[PDB]
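To start, the structure itself, in structure tokens.
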Amino acid sequence: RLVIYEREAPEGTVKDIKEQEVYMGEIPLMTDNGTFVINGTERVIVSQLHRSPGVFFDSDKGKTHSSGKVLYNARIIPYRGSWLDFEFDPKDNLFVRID
Amino acid sequence: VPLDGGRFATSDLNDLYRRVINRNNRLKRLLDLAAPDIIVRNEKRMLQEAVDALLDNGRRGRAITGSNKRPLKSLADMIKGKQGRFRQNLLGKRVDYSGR
Amino acid sequence: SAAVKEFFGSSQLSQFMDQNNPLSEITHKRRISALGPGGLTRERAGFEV
Amino acid sequence: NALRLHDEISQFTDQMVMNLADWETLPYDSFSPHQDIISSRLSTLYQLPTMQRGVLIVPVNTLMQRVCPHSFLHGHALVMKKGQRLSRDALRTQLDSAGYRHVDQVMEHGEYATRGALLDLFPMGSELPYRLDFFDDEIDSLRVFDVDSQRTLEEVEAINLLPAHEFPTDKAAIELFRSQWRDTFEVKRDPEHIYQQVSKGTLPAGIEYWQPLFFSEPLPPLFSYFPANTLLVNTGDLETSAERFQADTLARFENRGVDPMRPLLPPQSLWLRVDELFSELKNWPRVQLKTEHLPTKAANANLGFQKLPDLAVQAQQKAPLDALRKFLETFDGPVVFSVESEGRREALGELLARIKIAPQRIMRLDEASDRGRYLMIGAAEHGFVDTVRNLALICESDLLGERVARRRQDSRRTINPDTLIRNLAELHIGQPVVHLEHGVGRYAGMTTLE
Amino acid sequence: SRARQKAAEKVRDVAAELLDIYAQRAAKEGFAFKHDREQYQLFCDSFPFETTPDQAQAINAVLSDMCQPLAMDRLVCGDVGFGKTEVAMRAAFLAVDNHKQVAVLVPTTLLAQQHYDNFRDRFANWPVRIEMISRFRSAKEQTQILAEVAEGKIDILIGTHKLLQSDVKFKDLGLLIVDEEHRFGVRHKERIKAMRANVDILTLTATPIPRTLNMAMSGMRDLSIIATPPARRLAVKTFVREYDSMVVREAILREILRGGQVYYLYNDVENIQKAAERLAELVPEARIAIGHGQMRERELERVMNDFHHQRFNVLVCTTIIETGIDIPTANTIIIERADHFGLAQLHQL
RNA sequence: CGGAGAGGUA
DNA sequence: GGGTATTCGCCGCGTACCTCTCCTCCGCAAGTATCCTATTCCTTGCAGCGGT
DNA sequence: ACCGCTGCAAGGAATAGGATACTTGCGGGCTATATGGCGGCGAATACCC
Ligand SMILES: Nc1ncnc2c1ncn2[C@@H]1O[C@H](COP(=O)(O)OP(=O)(O)OP(=O)(O)O)[C@@H](O)[C@H]1O
Ligand SMILES: [Mg+2]
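Which chain is which? The protein sequence lines are A, B, C, D and E, in order.
Just so we're aligned, residue 101 is where the first sequence starts under the entry's author numbering, counting upward by one.
Just so we're aligned, residue 253 is where the second sequence starts under the entry's author numbering, counting upward by one.
Just so we're aligned, residue 499 is where the third sequence starts under the entry's author numbering, counting upward by one.
Just so we're aligned, residue 51 is where the fourth sequence starts under the entry's author numbering, counting upward by one.
Just so we're aligned, residue 551 is where the fifth sequence starts under the entry's author numbering, counting upward by one.
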């Protein structure tokens, strides 16, 4: 439904409004079972198990620096966007890195 | 080799060779014309980059690609690795009079 | 239509149905792949995952 | 207007009509004045105390501005052509005020010599000493001689050593700028603040608008640069455009009087105030050219300069040249056609052949007769019937008057015909209806919408 | 809906026509013009400038190519505002001094008008009658210009695509000067070569469209670049900002209080009236006129004439000014929506 | 023939 | 200078076999230039028209 | 019977809406960014004298 404003009127009016059942997209339909038919070949989209978006505090268990020093780190992991990480230099500093 | 649809396969080596030959012919013409130095300089930069990508692509941090955003297969990439000539066609190879 | 046909047709998680059983179909639909986009890689996954 | 006048005046005379190349930036702008401009903005100023004839065109945008205040000009510069009828000891005392030292073997900056007839200098600006050879109250040579060998490399006619920046840039002036800065503004520690930018040696983008700090003597109002006897000719009005420019400058000052980074001097410090500007235009003998009937008195006069009659042409009438063909018979005086370019003369020479008028080409407007058609090439933009001396000037923009089309056609609307459309709504549902812009539809009821 | 009804029959094969045009080109011997030293020295002396040592190299190449028994086909690719047009005039003089009917082809009406004025300016004493044919000239002027051309009295004819409309029959065509050829397609560039094969073509452009740049880089045409910007030109400072009324206002006032003029390129005809009204409410200090190639054309004549005479400052314009409008006072362009423009387009603007 | 991807046997 | 520290980019990571699918042109929008009818509006050419 | 002045009026000219040909971009188009590795090593800064 497309509204059209008029210019010289104050902020927010209507000249006309036109609506029309516009066609957009063909979405494949899941059959009665769970299989799609995509080009005549019957496909199945399996569920995926990924790390949940959020924030996680991990640490390599002294895998580096050979001192037994645990280098704690944090990841802010969005669902969609650019990641964010904080970590510790073996000198007990604190550095950020992006993507 | 034809793809059986009237067109031909990509065959990345010929693509790299066409790139190099095109830049080289253009630079030869532009050197014949005594063009100003700012133009011939980046022409020679382009030619150096093209021959670079022909001999060994990906040894620069930048690699040029065709389809699917993977870099092309250069003449050094046809020798290296598990799929080069040495490990896939010379040390061990497919054999006639054989069954399974 | 392009962004949807690309996902349904050619993805890593839209795969050809195993169909030599009723069991194979019904246990390939209830599959939990830990791979695909936004996930780990087959030959670079350690002993702990 | 100034630019326009610089083309018009040069058409009607031959004195050296010349502008004063202003910083093309806006008040407190962020751009540099493009050093080439300064090389023509200083040179004018160096000749200005002694120009003996000619016209200098300034707008009030530049007239209200302040400029380098003496010293720096007669200290850090030397312009001199061979036609400088000047002595030896005058240059001696001016270099004395410039602080140069009398050295017979000139080798380093700030050194000068006056021996016999030949004068030597090692200027502040360059690294080359020059031999001058004044004869008989006049300069005669520009001999580029070595720092030590005293052997001429080249004989030149005119020398230009101008500073390539409007303000002094050496270390002492930088220290002065910093000291005045700490006097007025406040320094913040940031590698982009202009205090540290200048201190590190670089000049920021709009550095010219922090001019007055560098000098420690107030900038002169540009009127000190005028000769002894000028005659300020005005145009239009000044006590209306100076005020407009002052208001706009104040607007820019408050607009950019934010941003603690890069702060600004008050407009009083880089511009005359309109009160001062009219304190100074009561110090020069003045002539105002204004386009309206001034009543009667001494110091007032009226020059009968009527406008041209209705001169226009159009291809609509079978006789297009009617206004001109009827004007040019009823005119006892001469007529000068003032075509724009050279080629346009031909585009006007084959159009006045259509009514048997062949214009001579004159050079100066006072070559016209009692009775003749002439044309001259310049850049004038509108005509006039000079009814004093009966002459007329018909500029080419008085043969192309106006365009008046788009007068349309009758009726773009019909009112109260087959369907009045009074419409206190009573219409049924499904009843055909006409929207004026889209045609026929079917009315399907009231509705409510967001 | 109905716009998809048209096409798909490839109604005409172009390969056969182009091959036959070129084949007729390569067979016929060219015209070898005659060069008079002093009689062209006077034309050089009328030039109120100095030919930079690359422009005077392009000019010498063009003349020594025209005075050869073959047929020229030269591209004069040189950066914008470097004086490519004076190459065209110093070749046009050599052509028409042998009574040879130059034909200049420009891809828009305003450029046609400007070139008409410039050519009348330059050839302002030599007896060569220059005329312009376009949609500005009315149908009682075209029907006389065409009769003149056919009888062979007009000796330079500057025209838009109206030139190549099959009713324009030159008597003795001797030189074709395509100007701003990164337009015109192909058939327009060849429609004048097709009628007279051995004609000499001098192709002026600043950013040649890729086909006729490759075809110059492979030897089919010659190429004579121009560098060494002429006298005191400064590289234009380019700024890329998100659109902002304050940026627009500051840019416009900086230009106007300098005294120059502004192209405010908008490139949308339906909304250009509202855009000019909005601009004139934003900047009361300016004088604003609208210029685009969909007016009654006696209004466009007036608008771009008044612009040349400083009668207004800001010109709210479409890309009709993309093709070499000179106006040496205009010193600020403001491209309204620069995201959808080609690299060549942005460079010409 | 190449590329990308999925899965399976020992 | 010079001894040692830290970081950074390149190298590598199993064999053999089997099965499957999926991989760019061509319409839209903007501008320009022209041409082509139909409608209406000056424009004057001719006939009227009363006056002489 | 002669004349200037105008009304009809035929057409002439300009003005609209429709069609066609270029240039440009956009955008998907049936062989044209991802972030879930790690270890070794030797060369290149770098740090502390
Ligand atoms: N050698 C020169 N020295 C100084 N000025 C020159 C020189 N050659 C040309 N000019 C000036 O520079 C301007 C360039 O305009 P011109 O049309 O001649 O070239 P152009 O603008 O690049 O061509 P186009 O109009 O096709 O873009 C002209 O006004 C001309 O007067
Ligand atoms: Mg040109």
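Idealized CB from N, CA, C, for every residue including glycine.
- Scanning the region 71 to 136 of chain D for uninterrupted beta strand (DSSP E) segments of 3 residues or longer gives 128 to 130, listed from N- to C-terminal end.
- Secondary structure note for E:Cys-594: its alpha helix (DSSP H) is the uninterrupted segment 587 to 595.
- For B:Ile-316, the three-state secondary structure derived from DSSP is coil.
- At a beta-carbon threshold of 9 angstroms, the residues of chain D lying near E:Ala-674 are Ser-391, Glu-392, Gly-393, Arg-394, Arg-395 and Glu-396, ordered along the chain.
- Judged by beta-carbon spacing, C:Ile-524 lies beyond the 8 angstroms limit of A:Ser-147, meaning their Cβ atoms are not closer than that value.
- According to the DSSP assignment, D:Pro-482 belongs to the beta strand (DSSP E) that extends over 482 to 485.
- In this structure A:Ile-127 is not in contact with A:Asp-116, their Cβ atoms being roughly 31 angstroms apart against a cut-off of 8 angstroms.
- E:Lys-650 is bridged by DSSP to nothing; it lacks a bridge partner.
- Taking the Cα positions, A:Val-170 is about 15 angstroms away from A:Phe-195.
- Chain E places no beta carbon closer than 8 angstroms to that of B:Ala-302, leaving this residue out of the contacts.
- The alpha-carbon of D:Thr-94 is positioned some 19 angstroms away from that of D:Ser-82.
- Contact residues of the region 140 to 168 of chain A toward chain C are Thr-141, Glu-142, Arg-143, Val-144, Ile-145, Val-146, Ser-147, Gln-148, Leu-149 and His-150 (C-beta to C-beta distance below 7 angstroms).
- If you look at A:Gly-154, you'll find it in the beta strand (DSSP E) that goes 154 to 160.
- If you check the C-beta of E:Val-612 against ligand 1, you find no heavy atom less than 7 angstroms away.
- The C-beta of B:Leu-285 comes closer than 8 angstroms to at least one C-beta of chain E.
- Here the alpha carbon of B:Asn-294 sits roughly 23 angstroms from the alpha carbon of B:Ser-326.
- Using a Cβ distance threshold of 8 angstroms, E:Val-833 and E:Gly-841 do not count as a contacting pair.
- Taking the Cα positions, D:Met-311 is about 8 angstroms away from D:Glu-242.
- Distances from the CB of E:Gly-874 to the heavy atoms of ligand 1 include at least one below 7 angstroms.
- By the CB criterion at 8 angstroms, E:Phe-669 and E:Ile-706 fall inside the cutoff.
- Each of E:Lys-721, E:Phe-632, E:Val-718 and E:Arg-808 was checked against the Cα of E:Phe-599, and the nearest Cα belongs to E:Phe-632.
- Membership of A:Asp-189 in any beta strand (DSSP E) is not indicated, and neither H nor E is assigned to it by DSSP.
- Looking at the DSSP output, A:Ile-176 sits in a beta bridge with A:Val-155 and A:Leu-184.
- D:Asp-360 sits in coil when the DSSP states are folded into three classes, being neither helix nor strand.
- Here D:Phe-295 is not near D:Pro-316, since their CB atoms are 8 angstroms or more apart.
- Distance check between E:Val-728 and each of E:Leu-569, E:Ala-558, E:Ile-708 and E:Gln-715 places E:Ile-708 closest, using alpha-carbon atoms only.
- Distance from the Cα of D:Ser-121 is smallest, within the candidate group D:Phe-265, D:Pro-482 and D:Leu-282, for D:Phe-265.
- The C-alpha of D:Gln-481 is placed about 16 angstroms away from the C-alpha of D:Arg-472.
- With respect to the C-alpha of D:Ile-427, the residue from D:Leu-443, D:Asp-436, D:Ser-274 and D:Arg-421 having the closest C-alpha is D:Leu-443.
- If you check the C-beta of E:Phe-632 against ligand 1, you find a heavy atom less than 7 angstroms away.
- For D:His-152, same chain residues with a beta-carbon under 7 angstroms away, outside a window of 5 residues either side, are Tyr-162 and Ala-163 in chain order.
- Counting along the chain, E:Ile-871 sits inside no beta strand (DSSP E), nor does DSSP assign it H or E at all.
- Beta-bridge pairing by DSSP links D:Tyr-180 to D:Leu-171 and D:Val-194.
- Residues of the region 127 to 138 of chain A with a C-beta less than 9 angstroms from any C-beta of chain C: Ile-127, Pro-128, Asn-133, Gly-134, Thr-135, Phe-136 and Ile-138, listed in chain order.
- No Cβ of chain E is located within less than 8 angstroms of the beta carbon of D:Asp-309.
- Going by beta carbons, D:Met-130 and D:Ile-189 fall inside the 8 angstroms limit.
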